[PDB]
Structure formats: C-alpha cells, structure tokens
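What follows is a single chain, given as structure tokens, in the form deposited in one PDB entry.
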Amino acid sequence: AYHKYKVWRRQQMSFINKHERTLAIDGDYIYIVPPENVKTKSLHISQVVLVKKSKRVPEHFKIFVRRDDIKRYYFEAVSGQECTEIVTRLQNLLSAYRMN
C-alpha cells in the first residue's frame, strides 16, 4: 500500500549569536547592563535558581532565574578564568543568602 504527501520539514537555525553586556555583581544584586537601547536587567540573588560553569566550554556559564517561566541566561566570559570567578562569586552569594 502506497500514499505520498507534500510536506515541509521544519528546521530551526542553529547559529548562536553573542551580544556583549556588562555583568555586574553589586552586593546581592546582579545587573546585566549593555555597554556603550537594551534596558538593564536587575536580578536579586534570591531570584537565581542555578548558576553553573559549562562542562564543555571553559568560557561559558548560565544563570537560571525565576522572576511558571524560568528565564535561562547563557553567557560567555572574557576567559575561562573569568568564567570561574563569576560563577564562584555568584555561587558564594547564593550560599550566603540561602544560609538565612
């Protein structure tokens, strides 16, 4: 038995773009600020559910944030050593805050 149908394969684009920001840790706040139209993103440490340095690419890390919808922010640090510093700092701020 044999039927043929006209169909479309749906395929997403795989390229990953990278838009420069400044990530600042200011007491218990994290700010994602563009350098010199994008508006500044202000996170409180209490909002961060996850912060993890990539097991694949040393310069990559992500911060998952509750603000039913978790925002997932993936980032690239200037270097693997900076990546470790940002992730460590944020993991320490989160430990410290969560202690209470």
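Under this definition, the rigid core comprises the largest set of C-alpha atoms superposing within 1.5 Å between the forms. Residue numbers here begin at 1 and follow the sequence given.
Peer 1: What number of residues from the deposited sequence go unmodelled in the gap from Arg67 to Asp68, classed as none, 1 to 3, 4 to 9, or 10 or more?
Peer 2: The entry leaves 1 to 3 residues without coordinates here.
Peer 1: State which stretch shows the higher mean Cα B factor in the entry: 23-31 or 68-76.
Peer 2: Higher mean C-alpha B-factor in the PDB entry: 68-76.
Peer 1: Hey, which bit's got the bigger mean C-alpha B factor in the entry, 91-99 or 3-11?
Peer 2: The recorded data point to 91-99.
Peer 1: Sorting by Cα B-factor within the chain, modelled residues only, which third would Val57 end up in: lowest, middle or highest?
Peer 2: Tercile = lowest for this residue's CA B-factor.
Peer 1: Considering every modelled residue of the chain and its Cα B-factor in the PDB entry, is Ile45 in the lowest, middle or highest third?
Peer 2: Ranked within chain, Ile45 CA B lands in the middle tercile.
Peer 1: Ranking every modelled residue in this chain by its Cα temperature factor as given in the entry, which third contains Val38?
Peer 2: Highest third - that is where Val38 ends up once the chain's C-alpha B-factors are sorted.
Keep in mind that the form deposited in another entry is not shown, yet the notes after this line are about it.
Peer 1: Once you overlay the rigid core, does the Cα of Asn17 travel 2 Å or further between this form and the one not shown?
Peer 2: Result for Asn17: no, shift under 2 Å.
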